[PDB]
Every structure is written in C-alpha cells, then in structure tokens.
Amino acid sequence: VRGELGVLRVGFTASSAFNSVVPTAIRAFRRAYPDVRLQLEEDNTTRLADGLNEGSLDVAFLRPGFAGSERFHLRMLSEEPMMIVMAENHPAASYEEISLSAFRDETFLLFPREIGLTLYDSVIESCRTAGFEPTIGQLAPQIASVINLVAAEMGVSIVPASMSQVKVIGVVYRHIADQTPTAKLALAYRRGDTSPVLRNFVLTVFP
Amino acid sequence: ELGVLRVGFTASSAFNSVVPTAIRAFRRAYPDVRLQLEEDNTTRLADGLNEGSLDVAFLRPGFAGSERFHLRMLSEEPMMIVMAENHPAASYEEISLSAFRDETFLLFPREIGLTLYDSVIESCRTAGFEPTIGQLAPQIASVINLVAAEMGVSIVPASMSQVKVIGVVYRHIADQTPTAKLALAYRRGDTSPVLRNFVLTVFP
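Method of determination for the deposited model, per the PDB record: X-ray crystallography, at 3.2500 Å resolution.

Next up, the structure:
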C-alpha cells in the first residue's frame, strides 16, 4: 500500500502533450491510484530538467539529447517520424512523397530555439542534410500556433508525427523521403528516488 | 498597395478559418504588403491598436474601451464540449450542461481568453451550478490533452474540434449557450489605403 497516497508532479513538453503516450501514461495512473494527487506542469525540456533537479518535479516526459542527460534515469519512451506541414493549395502536396530539397527556397516557420531546443537543431540538420540552410520565418508561440500560421499559407513547418492530429482546414502533413529525423521522447526521473509513488507511476508506463 | 500592415489575432481565432482565409487571400492579392502577425489575447490586441503597434486585429467584441475603435462582426461559432472518449457523457446524442455539475472543468484563461472564459463560467451558472475549476496552477495552453488524460472536461469554440487528439470527443450543447464571437478591429479614422484593402478583403 506504500505510495498509493500523496502527491506527484508530472512535467511534459508542449508538443509531447500531443503524443498519445503522455495522456495515456497519466490516464492509466489516475486509474490505479485515484488517491494520489497529480500536478501537471508543461514546460521546456531544460525547464523540466532543472525542475527535476530542484525537487519541483518528480517525473518528466522529455526529449533526450540534452546536456547533462547523464544525471537522471532516462527511459526511452517513443520515437516518431518528422513530417512537413504545408498548405493544401501548395504546389508540393501534389508530389506523392516529398523530398525536402523541394523546400529550399521556402520560408520555414519554427518555434524559438529556447522554446524548443532539441526539436530545432534536428529540424535544421534535415534541411542541412537536404543541402540548404533553412530560411527562418516568423517566431510563433507554441507548436499548434505554427499550424494555423501554415493554414494562412505563411510557411511550411516540420512537426512531430503526432501533430498530424491537429486537422485544421487548409494544411496537410506529408512525409519526408530523406533521413526523416525522428522526435524522441523519454521518461526521465531522479536517480536514487526511493519514492514508492514515483515507481507506482514509473511501472504504470512500464508494466 | 505598398508598405507593411500589422495584423493581430487571438490564439483561439486562428482555428476559425476566417483568419487564415482572409490572410492567405490578402497575401495573394497584395504581395507587396509585408504582413506582420502578432498572436496575442484581445486585451493586448487593443493595446497594440492604441499604442500603434497593430493596425488591424481579429478579436472578441464587447471588451471595455471598444468604443475607441471600429469593430465589424466577423463570425459566431457555437461552443461545444470536449471530453475524454470513455466519459459517461460520450454516449448521449445531445448533452446538457446540467449533467456536468459535479464535474471538473478545465478552463485556462490563457488558451481561450477572458471574454470566452467568463462566458463559459456564466453559462454553467445559468445551468444551475458554479463550475468546479480544475487546475488553477501553472496554466498550460491546450486542455484537450489533459482531457484525453481523463482529468476533466472543457468547453471550446466549435473551431477547436479540428484538434482530433486521440481519446477525446466533442459534443454540441443542448442548453442555449452564448457563442464564441469574433470581430475585426482597426482604429477609428485610420486613413490608410493599405488598411482598407485588408478590411475589404475580409468583408467583400
């Protein structure tokens, strides 16, 4: 009965929310352990890291490949293909499978590097791997914000595959035929945490 | 026909097609104007109209200081309800608001905006209860994802139902509610021809 009562702080990143595993993780756990009071905090991967260090978070969903990652339990959760979101009318939705080289001279909308550090450097690298430096467009607040801006035919973007559940009119998500760098997702917690509540949560994702 | 025009809009309106459609269309007709988009909530939108940083805004009418501007109504969409897919309420064809009295509501003023947030609260009260507000702490944009996680139920503009997050469903509200309104606003007496091309493109 250890740890079936108390309070757990769960953090996750803005676009990781859209990945179906965070809502599932949370929903499963709130079933087994109704009595435990959750506390959800959505934030930057470095925010989630700092807060796990601080004691202000107990478990986080976050994108591995951050500096100092060799300080926590990092358990690989999810790997997802990255897809290009354009406007429906765009010339290139006509091509079946999209090569990123066809978007050299486009304006690439993106989140700020501080706003999404891990996703960004891999987004640029695919363009680079595709043989051009992307022209950065208008900075937008959240991953969903850029999708509506694509609907307004303002740019193309690259999003995790789980954003293709934002079915705004007038955008489409296509698949790149290059490296298709993925979006990794990892369950991260504190090394040495003997909380039972934490493992009640950590085994929920890993039964 | 030349210059820059500064356009602004609420995060939530960008799901209502009128905003992409009116931008996409103007961008076609007038490629020489450099569009500048500022996504922000209505109160700062008006602020930017006043201090001069914004020349038109898509926003929610009936705010205070709304007589210092021009506002022409653009759309009105009903507000629906998002709930987790294995909710008891999923199974009713038409749902009421009464049936959520003891329920947990997930409103975040940041995502939806004051004017919408308070009216949804008002709406519950008209049903016959004070809605028990879910998470005050660390407000995060996008409730649908906490609704997929069975943490509550939220009320969102009909536009938002294009967010087909797995594990949520959306249903219409049989209780007569207030709807989600959107105006289009510019300063009184702005005498730009570039500004007028934006308004005419929205209201042709």
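Anyway, onward from the coordinates.
A. Region of interest: the overall build of chain B. Within chain B, the secondary structure is distributed over 6 helices and 10 strands. Against the globule reference of 17 Å for 204 residues, chain B gives a C-alpha radius of gyration of 18 Å, in line with a compact fold. For chain B, the share of sequence-separated contacts (at least 6 apart) that also reach a separation of at least 24 residues comes to 78%.

B. Highlighting the sheet that holds strand β5 (residues 82–87) of chain A. Residues and elements named next belong to chain A. Judged by pairing direction, the sheet is antiparallel, and its 3 strands sit side by side in the order β8-β5-β9 without closing on themselves. What marks the edges here is a single partner per strand, and that holds for β8 (157–160) and β9 (171–175). The average angle at which neighbouring strand axes cross in this sheet is 40 degrees, direction not considered. In this structure, β5 lies alongside β8, joined through 4 bridges in antiparallel fashion. In the sheet register, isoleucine 84 faces β8, and the bridge partner there is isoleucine 158. Each of β5, β8 and β9 is contacted by helix α4 (residues 143–151), which is oriented at about 110 degrees to β9, the strand it contacts most.

C. Quick look at the domain arrangement of chain B. All names here are of chain B. Domain annotation of chain B identifies domain 1 (1–77 + 182–204) and domain 2 (78–181). Domain 1 and domain 2 are separated by 28 Å when their C-alpha centres are compared. Listing elements by their share of the side of domain 1 that touches domain 2, those giving two or more residues are β4 (69–77) and β10 (180–187). The leading source of residues in the side of domain 1 that touches domain 2 is β4, at 4 residues.

D. Spotlight on the packing of helix α1 (residues 21–32) of chain A against helix α5 (residues 196–205) of chain A. All names here are of chain A. Relative to each other, α1 and α5 sit at 125 degrees, their axes nearing to 9 Å. One way to sum up the angle between α1 and α5 is to call them oblique. Pair α1 / α5 crosses with right-handed handedness. Along the contact surface, α1 presents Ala25, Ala28 and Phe29, while α5 presents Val197, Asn200, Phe201, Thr204 and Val205. Split by residue class, the contact of α1 with α5 holds 6 nonpolar, 2 polar and no charged.

E. Structural view of the pairing of strand β7 (residues 135–139) of chain A. All names here are of chain A. Bridge count for strand β6 (residues 107–110) against β7 is 3 bridges, and the pairing is parallel. Residue pairing across strands places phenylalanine 108 opposite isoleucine 136, the latter belonging to β7. Assessed by its sense of winding, the connection that carries the chain from β6 through helix α3 (residues 117–129) to β7 is right-handed.

F. Representation of the pattern of salt bridges in the model. All names here are of chain A. For the structure on display, the rule yields 10 salt bridges over all chains. Of the charged contacts in the structure, one is a salt bridge between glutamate 80 and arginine 63, with a shortest N-O distance of 3.9 Å. Taken together, the residues span a long stretch of sequence, with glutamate 80 in strand β4 (residues 72–80) and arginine 63 in the loop between β3 (59–62) and β4 at a distance of 17 residues. Summarising the burial analysis for this pair, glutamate 80 and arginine 63 share the class buried. A cluster of three or more residues bridged by salt bridges with shared partners is formed by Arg9, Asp58, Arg190 and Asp193.

G. Examining the packing of helix α1 (residues 18–29) of chain B against helix α6 (residues 193–202) of chain B more closely. Residue and element names in this part refer to chain B. Close contact between α1 and α6 brings their axes to 9 Å; oriented N to C, the two are set at 130 degrees. Relative to α6, the element α1 lies oblique. Like other packed secondary-structure pairs, α1 and α6 cross with a definite hand, here right-handed. Note on element contacts: α6 touches α1 through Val194, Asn197, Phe198, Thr201 and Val202, opposite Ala22, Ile23, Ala25 and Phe26. Broken down by class, the residue content of the contact of α1 with α6 amounts to 7 nonpolar, 2 polar and no charged.

H. How the structure looks around the interface of chain A and chain B. Each partner contributes to the interface: chain A provides 26 residues, whereas chain B provides 27 residues. Elements with a minimum of two residues in the side of chain A that touches chain B: α1, β2 (37–42) and α4 of chain A.

Rules and cut-offs
Numbering of residues starts from 1 on every chain and follows the order in which that chain's sequence is written, so it may differ from the entry's own numbering; residues lacking coordinates are left out. Chain letters and ligand numbers both follow the written order, the letters beginning at A and the numbers at 1. Side-chain measures here rest on the full set of heavy atoms in the structure, leaving out hydrogens and waters. Residues with missing side-chain atoms are left out of burial classes, side-chain pairs and their counts. We count a stretch as a helix when DSSP gives it H or I for four or more residues in a row; a strand needs E for two or more, and each element gets its number in order from the N terminus. Every radius of gyration here is taken over C-alpha atoms, with the globule rule written as 2.2 Å times N^0.38, N being the number of residues. Should any heavy atoms of two residues lie within 4.5 Å, those residues are considered in contact. Note on pairing: two strands pair once DSSP finds at least 2 bridges between them. Here an angle of 0 to 180 degrees is reported between the N-to-C directions of two axes, which are lines fitted to C-alpha atoms, with helices fitted over the stretch in contact. By convention here, the domain bounds are inherited from an automatic or database domain assignment. Oblique is the label for any angle not under 35 degrees, not over 145, and not in the 65 to 115 range, which are roughly parallel, roughly antiparallel and roughly perpendicular in turn. We call a crossing left-handed when the near helix sits turned anticlockwise from the far one by less than a right angle, and right-handed when that turn is clockwise. In the scheme used here, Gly and all other residues not listed as nonpolar or charged are polar, with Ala, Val, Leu, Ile, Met, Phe, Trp, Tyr, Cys and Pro taken as nonpolar and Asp, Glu, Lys and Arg as charged. A right-handed crossover is one whose linking path, passing over the helix from the first strand to the second, runs clockwise when the strands point away from the viewer. Any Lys or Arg side-chain nitrogen located within 4 Å of an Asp or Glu carboxyl oxygen qualifies as a salt bridge. Burial here depends on accessible area, computed with a 1.4 Å probe over protein chains only, as a share of the maximum for the residue type. Under 20% is buried, over 50% is exposed, and the range in between is partly exposed.

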